[PDB]
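Undergrad: Contents of coords.txt (compact mmCIF, C-alpha atoms and all ligand atoms) are below:
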```txt
# COMPACT_ATOMS: atom_id res chain seq x y z
CA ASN D 105 223.01 -90.28 -49.89
CA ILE D 106 220.67 -88.83 -52.57
CA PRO D 107 217.53 -91.03 -52.96
CA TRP D 108 216.48 -92.17 -56.45
CA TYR D 109 214.61 -89.54 -58.51
CA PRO D 110 213.27 -89.38 -62.09
CA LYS D 111 215.38 -87.39 -64.64
CA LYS D 112 213.05 -87.39 -67.65
CA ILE D 113 209.29 -87.68 -68.10
CA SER D 114 209.29 -91.37 -69.14
CA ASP D 115 211.08 -92.27 -65.88
CA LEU D 116 207.63 -91.88 -64.21
CA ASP D 117 207.02 -95.46 -65.53
CA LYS D 118 209.63 -96.72 -63.03
CA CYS D 119 207.99 -98.08 -59.88
CA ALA D 120 204.70 -96.44 -60.90
CA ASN D 121 201.63 -96.87 -58.63
CA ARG D 122 203.35 -97.03 -55.26
CA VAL D 123 199.99 -96.25 -53.65
CA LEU D 124 198.36 -96.51 -50.22
CA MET D 125 195.60 -99.14 -50.16
CA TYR D 126 192.72 -100.29 -47.96
CA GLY D 127 193.83 -103.42 -46.07
CA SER D 128 197.47 -102.33 -46.00
CA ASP D 129 197.89 -98.68 -45.05
CA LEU D 130 194.24 -97.39 -44.90
CA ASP D 131 191.13 -98.24 -42.84
CA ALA D 132 187.77 -96.59 -42.08
CA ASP D 133 184.17 -97.55 -41.30
CA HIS D 134 182.96 -96.45 -44.74
CA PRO D 135 181.30 -98.43 -47.56
CA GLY D 136 184.00 -97.32 -50.07
CA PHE D 137 186.33 -99.65 -48.12
CA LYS D 138 183.88 -102.18 -46.62
CA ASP D 139 181.48 -103.02 -49.52
CA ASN D 140 183.08 -106.06 -51.15
CA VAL D 141 181.13 -105.63 -54.43
CA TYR D 142 182.36 -102.04 -54.78
CA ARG D 143 186.00 -103.12 -54.20
CA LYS D 144 185.69 -105.60 -57.10
CA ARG D 145 184.58 -102.76 -59.39
CA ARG D 146 187.48 -100.54 -58.22
CA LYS D 147 189.98 -103.17 -59.39
CA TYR D 148 188.95 -102.54 -63.04
CA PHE D 149 190.32 -98.95 -62.72
CA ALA D 150 193.40 -100.01 -60.74
CA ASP D 151 194.45 -102.54 -63.44
CA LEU D 152 194.10 -99.87 -66.12
CA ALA D 153 196.38 -97.54 -64.14
CA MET D 154 198.92 -100.33 -63.49
CA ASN D 155 199.30 -101.08 -67.19
CA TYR D 156 199.62 -97.46 -68.37
CA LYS D 157 202.96 -96.45 -69.98
CA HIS D 158 204.01 -92.86 -70.75
CA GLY D 159 202.87 -92.04 -74.31
CA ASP D 160 199.66 -94.11 -74.12
CA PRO D 161 196.32 -92.38 -74.49
CA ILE D 162 194.54 -92.47 -71.12
CA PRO D 163 191.98 -95.29 -71.21
CA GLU D 164 188.41 -94.11 -71.83
CA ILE D 165 186.00 -95.47 -69.22
CA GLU D 166 182.50 -96.85 -69.58
CA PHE D 167 180.98 -95.67 -66.28
CA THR D 168 177.94 -97.36 -64.71
CA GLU D 169 174.60 -95.51 -64.45
CA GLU D 170 175.20 -95.55 -60.67
CA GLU D 171 178.67 -93.90 -61.00
CA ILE D 172 177.30 -91.23 -63.36
CA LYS D 173 174.50 -90.46 -60.81
CA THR D 174 177.13 -90.03 -58.02
CA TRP D 175 179.25 -87.63 -60.13
CA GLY D 176 176.00 -85.71 -60.78
CA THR D 177 175.14 -85.30 -57.11
CA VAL D 178 178.73 -84.24 -56.22
CA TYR D 179 178.96 -81.79 -59.12
CA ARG D 180 175.52 -80.28 -58.48
CA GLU D 181 175.84 -79.96 -54.68
CA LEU D 182 179.38 -78.58 -54.74
CA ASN D 183 178.50 -75.96 -57.36
CA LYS D 184 175.83 -74.58 -55.01
CA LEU D 185 178.51 -74.02 -52.33
CA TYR D 186 181.44 -72.67 -54.37
CA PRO D 187 180.09 -69.10 -54.72
CA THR D 188 180.09 -68.67 -50.90
CA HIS D 189 182.92 -71.03 -49.85
CA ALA D 190 185.68 -70.94 -52.50
CA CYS D 191 188.37 -68.29 -52.97
CA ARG D 192 188.11 -66.14 -56.11
CA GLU D 193 191.13 -67.71 -57.83
CA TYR D 194 189.27 -71.06 -57.83
CA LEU D 195 185.96 -69.56 -59.02
CA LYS D 196 187.72 -67.83 -61.93
CA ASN D 197 188.25 -70.91 -64.14
CA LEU D 198 184.99 -72.81 -63.53
CA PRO D 199 183.29 -71.49 -66.70
CA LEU D 200 186.27 -72.74 -68.79
CA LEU D 201 185.64 -76.28 -67.60
CA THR D 202 182.00 -76.26 -68.63
CA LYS D 203 182.68 -74.42 -71.88
CA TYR D 204 185.90 -76.19 -72.98
CA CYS D 205 185.91 -79.56 -71.15
CA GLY D 206 182.27 -80.65 -71.17
CA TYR D 207 181.77 -80.62 -67.40
CA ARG D 208 178.08 -81.55 -67.15
CA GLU D 209 175.86 -83.08 -64.50
CA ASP D 210 174.93 -86.01 -66.83
CA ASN D 211 178.40 -87.10 -67.94
CA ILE D 212 181.80 -87.70 -66.26
CA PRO D 213 184.72 -85.87 -67.90
CA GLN D 214 187.25 -88.32 -69.42
CA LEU D 215 190.86 -87.94 -68.27
CA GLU D 216 192.21 -87.96 -71.86
CA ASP D 217 190.07 -84.91 -72.73
CA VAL D 218 190.96 -83.08 -69.51
CA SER D 219 194.70 -83.78 -70.05
CA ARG D 220 194.52 -82.30 -73.59
CA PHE D 221 192.74 -79.19 -72.23
CA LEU D 222 195.33 -78.69 -69.46
CA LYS D 223 198.32 -79.22 -71.75
CA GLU D 224 197.09 -76.43 -74.02
CA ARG D 225 196.41 -74.06 -71.08
CA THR D 226 199.47 -74.59 -68.83
CA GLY D 227 201.33 -77.66 -70.16
CA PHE D 228 200.04 -79.98 -67.42
CA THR D 229 199.15 -83.54 -68.46
CA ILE D 230 197.54 -86.43 -66.56
CA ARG D 231 198.81 -89.93 -65.73
CA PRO D 232 196.30 -92.41 -64.29
CA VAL D 233 197.05 -93.89 -60.81
CA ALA D 234 195.58 -96.79 -58.72
CA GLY D 235 195.03 -94.86 -55.45
CA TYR D 236 196.61 -92.38 -53.01
CA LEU D 237 200.16 -91.98 -54.32
CA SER D 238 203.34 -91.94 -52.21
CA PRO D 239 203.95 -88.22 -51.48
CA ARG D 240 207.53 -88.31 -52.84
CA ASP D 241 206.30 -89.74 -56.16
CA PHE D 242 203.35 -87.32 -56.35
CA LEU D 243 205.60 -84.24 -55.88
CA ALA D 244 208.15 -85.68 -58.33
CA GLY D 245 205.33 -85.89 -60.91
CA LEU D 246 204.67 -82.13 -60.58
CA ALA D 247 208.27 -81.34 -61.57
CA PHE D 248 207.39 -82.60 -65.09
CA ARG D 249 203.98 -80.87 -64.94
CA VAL D 250 202.44 -84.32 -64.53
CA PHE D 251 199.37 -84.65 -62.29
CA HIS D 252 198.64 -88.27 -61.14
CA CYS D 253 194.83 -88.87 -61.17
CA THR D 254 192.50 -91.63 -59.99
CA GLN D 255 189.71 -92.74 -62.41
CA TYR D 256 187.29 -94.62 -60.13
CA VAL D 257 184.27 -92.89 -58.60
CA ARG D 258 183.53 -92.90 -54.83
CA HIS D 259 180.95 -95.26 -53.30
CA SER D 260 177.40 -94.15 -54.26
CA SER D 261 175.98 -94.37 -50.72
CA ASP D 262 178.15 -91.44 -49.60
CA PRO D 263 178.50 -88.65 -52.17
CA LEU D 264 179.32 -86.25 -49.33
CA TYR D 265 182.74 -87.65 -48.30
CA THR D 266 185.08 -90.48 -49.30
CA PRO D 267 188.19 -91.79 -47.44
CA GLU D 268 190.49 -92.13 -50.49
CA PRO D 269 190.77 -89.70 -53.44
CA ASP D 270 188.53 -90.51 -56.45
CA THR D 271 188.08 -88.98 -59.90
CA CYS D 272 185.65 -86.36 -58.52
CA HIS D 273 188.46 -85.12 -56.25
CA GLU D 274 190.88 -84.74 -59.21
CA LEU D 275 188.34 -83.15 -61.54
CA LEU D 276 186.75 -80.70 -59.06
CA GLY D 277 189.55 -80.14 -56.50
CA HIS D 278 192.64 -79.84 -58.73
CA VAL D 279 191.77 -79.12 -62.39
CA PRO D 280 190.47 -75.48 -62.00
CA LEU D 281 193.72 -74.21 -60.43
CA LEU D 282 195.92 -76.46 -62.58
CA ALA D 283 194.32 -74.53 -65.53
CA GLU D 284 195.86 -71.27 -64.17
CA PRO D 285 199.37 -70.43 -65.51
CA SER D 286 200.66 -68.90 -62.25
CA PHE D 287 199.40 -71.82 -60.14
CA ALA D 288 200.77 -74.43 -62.57
CA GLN D 289 204.16 -72.68 -62.36
CA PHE D 290 204.00 -72.69 -58.53
CA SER D 291 203.12 -76.43 -58.58
CA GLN D 292 206.15 -77.35 -60.71
CA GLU D 293 208.47 -75.22 -58.53
CA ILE D 294 207.39 -77.17 -55.42
CA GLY D 295 207.88 -80.47 -57.31
CA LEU D 296 211.39 -79.47 -58.54
CA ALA D 297 212.43 -78.56 -54.96
CA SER D 298 211.49 -82.04 -53.79
CA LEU D 299 213.63 -84.02 -56.28
CA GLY D 300 216.29 -86.13 -54.46
CA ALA D 301 215.79 -84.38 -51.10
CA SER D 302 216.13 -86.52 -47.92
CA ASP D 303 213.20 -88.57 -46.60
CA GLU D 304 212.88 -86.16 -43.69
CA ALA D 305 212.95 -83.07 -45.93
CA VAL D 306 210.34 -84.49 -48.35
CA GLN D 307 208.09 -85.51 -45.41
CA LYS D 308 208.17 -81.93 -44.16
CA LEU D 309 207.53 -80.40 -47.63
CA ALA D 310 204.74 -82.91 -48.39
CA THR D 311 202.99 -82.19 -45.05
CA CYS D 312 203.00 -78.47 -45.81
CA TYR D 313 201.69 -79.20 -49.36
CA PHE D 314 198.88 -81.33 -47.79
CA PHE D 315 197.79 -78.54 -45.41
CA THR D 316 197.86 -75.88 -48.13
CA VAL D 317 197.02 -77.14 -51.61
CA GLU D 318 194.94 -80.10 -50.29
CA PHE D 319 193.30 -78.60 -47.16
CA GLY D 320 194.24 -74.87 -47.06
CA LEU D 321 192.18 -71.81 -46.08
CA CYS D 322 192.89 -68.13 -46.88
CA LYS D 323 191.43 -64.75 -45.93
CA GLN D 324 189.74 -62.73 -48.63
CA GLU D 325 188.46 -59.21 -47.95
CA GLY D 326 188.26 -60.03 -44.25
CA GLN D 327 186.42 -63.37 -44.71
CA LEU D 328 187.55 -67.01 -44.48
CA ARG D 329 187.57 -68.78 -47.89
CA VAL D 330 188.87 -72.19 -49.11
CA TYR D 331 191.46 -73.14 -51.76
CA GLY D 332 192.33 -76.73 -50.61
CA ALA D 333 191.43 -79.45 -53.19
CA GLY D 334 190.40 -82.02 -50.55
CA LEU D 335 187.81 -79.60 -49.11
CA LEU D 336 186.61 -78.48 -52.56
CA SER D 337 185.63 -82.07 -53.48
CA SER D 338 183.76 -82.94 -50.23
CA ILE D 339 180.26 -81.59 -49.72
CA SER D 340 180.35 -82.23 -45.96
CA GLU D 341 183.95 -81.25 -45.18
CA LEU D 342 183.66 -78.08 -47.29
CA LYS D 343 180.66 -76.86 -45.20
CA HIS D 344 182.26 -77.99 -41.94
CA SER D 345 185.48 -76.05 -42.65
CA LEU D 346 183.52 -72.74 -42.74
CA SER D 347 180.82 -73.80 -40.25
CA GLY D 348 182.31 -71.88 -37.31
CA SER D 349 183.03 -75.01 -35.28
CA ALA D 350 186.20 -76.13 -37.06
CA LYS D 351 189.60 -75.58 -35.43
CA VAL D 352 191.64 -73.05 -37.47
CA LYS D 353 195.26 -71.93 -36.97
CA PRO D 354 197.74 -69.74 -38.86
CA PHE D 355 199.86 -71.53 -41.49
CA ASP D 356 203.46 -71.60 -40.18
CA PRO D 357 205.64 -74.20 -41.96
CA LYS D 358 207.81 -74.94 -38.95
CA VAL D 359 204.71 -75.81 -36.87
CA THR D 360 202.47 -77.12 -39.70
CA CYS D 361 205.09 -79.57 -41.08
CA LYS D 362 204.78 -81.53 -37.78
CA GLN D 363 200.99 -82.09 -38.04
CA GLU D 364 199.82 -85.62 -38.95
CA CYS D 365 198.12 -85.74 -42.41
CA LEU D 366 194.78 -87.52 -41.96
CA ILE D 367 193.91 -89.47 -45.17
CA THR D 368 190.67 -91.26 -44.13
CA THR D 369 188.77 -88.78 -41.86
CA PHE D 370 188.00 -85.04 -41.67
CA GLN D 371 191.07 -83.11 -40.55
CA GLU D 372 191.62 -82.25 -36.88
CA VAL D 373 192.83 -78.72 -37.77
CA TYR D 374 192.90 -76.37 -40.82
CA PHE D 375 195.66 -73.81 -41.47
CA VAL D 376 194.93 -70.26 -42.73
CA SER D 377 197.07 -67.81 -44.69
CA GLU D 378 196.47 -64.05 -44.71
CA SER D 379 195.81 -64.34 -48.45
CA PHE D 380 196.03 -66.83 -51.33
CA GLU D 381 199.19 -65.10 -52.60
CA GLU D 382 200.70 -65.32 -49.07
CA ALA D 383 200.03 -69.07 -49.07
CA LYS D 384 202.04 -69.62 -52.26
CA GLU D 385 204.82 -67.29 -51.06
CA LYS D 386 205.36 -69.00 -47.69
CA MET D 387 205.37 -72.36 -49.50
CA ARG D 388 208.07 -71.21 -51.99
CA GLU D 389 210.32 -69.88 -49.24
CA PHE D 390 209.94 -73.03 -47.15
CA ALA D 391 210.85 -75.26 -50.14
CA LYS D 392 214.14 -73.35 -50.44
CA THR D 393 215.21 -74.23 -46.88
CA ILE D 394 215.34 -77.97 -47.63
CA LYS D 395 219.18 -78.26 -47.48
CA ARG D 396 219.60 -80.19 -50.72
CA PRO D 397 223.25 -80.29 -51.90
CA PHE D 398 222.46 -79.39 -55.53
CA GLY D 399 220.01 -77.37 -57.65
CA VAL D 400 217.76 -78.39 -60.53
CA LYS D 401 215.97 -76.88 -63.55
CA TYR D 402 213.42 -78.33 -65.91
CA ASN D 403 214.04 -78.24 -69.67
CA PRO D 404 210.60 -78.40 -71.31
CA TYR D 405 212.12 -79.03 -74.78
CA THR D 406 213.84 -82.31 -73.88
CA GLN D 407 211.37 -82.95 -71.00
CA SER D 408 214.26 -83.60 -68.62
CA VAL D 409 215.65 -82.30 -65.32
CA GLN D 410 219.03 -80.59 -65.46
CA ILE D 411 221.27 -80.63 -62.41
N1 LIG A 1 187.90 -86.68 -48.63
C1 LIG A 1 188.07 -86.34 -50.08
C2 LIG A 1 188.89 -87.43 -50.78
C3 LIG A 1 190.19 -87.67 -50.05
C4 LIG A 1 190.48 -88.73 -49.18
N2 LIG A 1 191.75 -88.64 -48.71
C5 LIG A 1 192.36 -87.52 -49.20
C6 LIG A 1 193.62 -86.93 -49.05
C7 LIG A 1 193.93 -85.74 -49.73
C8 LIG A 1 193.00 -85.12 -50.58
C9 LIG A 1 191.73 -85.67 -50.77
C10 LIG A 1 191.41 -86.85 -50.09
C11 LIG A 1 186.73 -86.19 -50.74
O1 LIG A 1 185.72 -86.60 -50.15
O2 LIG A 1 186.61 -85.70 -51.88
FE FE A 2 194.37 -83.86 -54.06
```
Output the file's structure in the form of structure tokens.
TA:
Amino acid sequence: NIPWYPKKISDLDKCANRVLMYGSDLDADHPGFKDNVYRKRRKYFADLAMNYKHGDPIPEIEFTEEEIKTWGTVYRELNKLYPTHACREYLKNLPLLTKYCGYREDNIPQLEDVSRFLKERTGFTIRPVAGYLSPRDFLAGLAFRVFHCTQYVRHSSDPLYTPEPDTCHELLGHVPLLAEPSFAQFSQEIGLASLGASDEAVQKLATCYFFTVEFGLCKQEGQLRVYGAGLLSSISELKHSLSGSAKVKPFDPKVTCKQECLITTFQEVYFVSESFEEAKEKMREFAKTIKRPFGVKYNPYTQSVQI
């Protein structure tokens, strides 16, 4: 029996913010969970996300001097590593972000400005979210070219790694590729394939998504490079992935889809494709094997999904 799925872009208001939270589904010995004062600050961002309705501007945030300093460290340190660690497709759009989005060490990009930039480039827009979103709902968002983003900044004591996604993850891990027409098209295709598929089928697709677009590696002129958003936002996990001591295995959906997705620690294993194009291709073909009893298109003019 076909699970509920959104049919038009405003339907993303329905049961919004079904997110995984510390003290319910997440735990880790890390100050971003354990520092009570920091959790009280995080609730300011969460409330903003919970009251958002499609059509609203995204709330502009007054960040603390501490939060701005954290963004600065993350931005600066990651940019030193990208030239040697990131795949060329990721490197390509970095200068657009600085030139056309105001990415700077001394200022955190606002989600409203980034959404406007992305809409113009590939038609992607942003919706704010209170934490790690339910995988079904996150993939459903992509079908409308909607990327759900957190707005809080990770705990300042650990710029290197954080156990839930923060705004640095969205802005540095996802935005550069989302700015690329061919990648934005790929993203929506994966999202459309997920709509109304069984819980077991979505779990398998979402796991493969996690180990490719969140934590994926690819070969490039005989070398190992990274394209996964979750690595590209973590100073320490990014280095570790290419350190020579990480466990690395070929991406094979039928094996990979069984791996547990680790939200709050470094991964136990990373999966490699023979190239970045091969990664997208194997993902598209896997999405087609879902066994859904109907097909679906997106109509960008009505912003609705046609069966
Ligand atoms: N570890 C990531 C944030 C993160 C936590 N859990 C995740 C799951 C998927 C992608 C990213 C994440 C970072 O430090 O930037
Ligand atoms: Fe991500």
Undergrad: Counting all atoms listed in the file, what is within 8 Å of segment 155-172 of chain D, bar same-chain residues fewer than 2 positions away, as a list in words?
TA: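 Contacts, in chain order: residues 113, 114, 116, 117, 151, 152, 153, 174, 175, 176, 210, 211, 212, 214, 215, 216, 231, 232, 257, 258 and 260 of chain D.
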Undergrad: Please list as a ChimeraX atom specification every residue within 12 Å of residue 134 of chain D, counting only C-alpha atoms and excluding residues in the same chain fewer than 3 positions away.
TA: /D:126,130-131,137-140,142-143,258-268,368-369
Undergrad: Just checking: using all atoms listed in the file, which residue out of D:395, D:343, D:362, D:278 ends up closest to residue 301 of chain D?
TA: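 Under the stated criterion, the closest residue is D:395.
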Undergrad: From the list D:141, D:336, D:391, D:154, which residue is nearest residue 297 of chain D when using all atoms listed in the file?
TA: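 Once distances to residue 297 of chain D are computed over all atoms listed in the file, the minimum belongs to D:391.
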Undergrad: Please identify every polymer residue within 7 Å of ligand FE 2 (chain A), using only C-alpha atoms and all ligand atoms, and present the set as an NGL selection string.
TA: :D and (269 or 273-274 or 277-278 or 318 or 333-334)
Undergrad: At a cut-off of 12 Å, using only C-alpha atoms, what residues contact residue 324 of chain D? Leave out same-chain residues fewer than 6 positions from it and give the result as number ranges by chain.
TA: D: 188-193, 330-331, 376-382
Undergrad: Any idea what the distance is between atom CA of residue 125 of chain D and atom CA of residue 109 of chain D?
TA: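 Computed distance, atom CA of residue 125 of chain D to atom CA of residue 109 of chain D, equals 22.9 Å.
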Undergrad: What does the structure give for the distance between atom CA of residue 245 of chain D and atom CA of residue 300 of chain D, in Å to one decimal?
TA: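 Between these atoms lies a distance of 12.7 Å.
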Undergrad: Distance atom CA of residue 349 of chain D-atom CA of residue 270 of chain D, one decimal place?
TA: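 It comes out at 26.8 Å.
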Undergrad: Set up a box along x, y and z of the file covering all listed atoms of segment 318-333 of chain D, add 4 Å on every one of the six sides, and write the centre and edge lengths in Å to one decimal, as AutoDock Vina command-line options.
TA:
```
--center_x 190.7 --center_y -69.7 --center_z -48.7 --size_x 16.5 --size_y 28.9 --size_z 16.9
```
Undergrad: When distances are computed from all atoms listed in the file, which of D:119, D:275, D:250, D:243 shows the smallest separation from residue 201 of chain D?
TA: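 Under the stated criterion, the closest residue is D:275.
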Undergrad: Which is closer to residue 394 of chain D than all the others in D:366, D:309, D:150, D:222, using all atoms listed in the file?
TA: D:309
Undergrad: Name the residues, using the chain letters and numbers of the file, that sit within 10 Å of (214.2, -87.3, -47.4) when counting all atoms listed in the file, and give them as a ChimeraX atom specification.
TA: /D:105-107,240,298-309,394,396
Undergrad: Which residue out of D:185, D:389, D:111, D:249 has the minimum interatomic distance to residue 411 of chain D when all atoms listed in the file are used?
TA: D:111
Undergrad: Give the answer as one residue: which of D:179, D:398, D:242, D:236 has the shortest atom-to-atom distance to residue 295 of chain D, using all atoms listed in the file?
TA: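 Among the listed residues, the smallest separation from residue 295 of chain D belongs to D:242.
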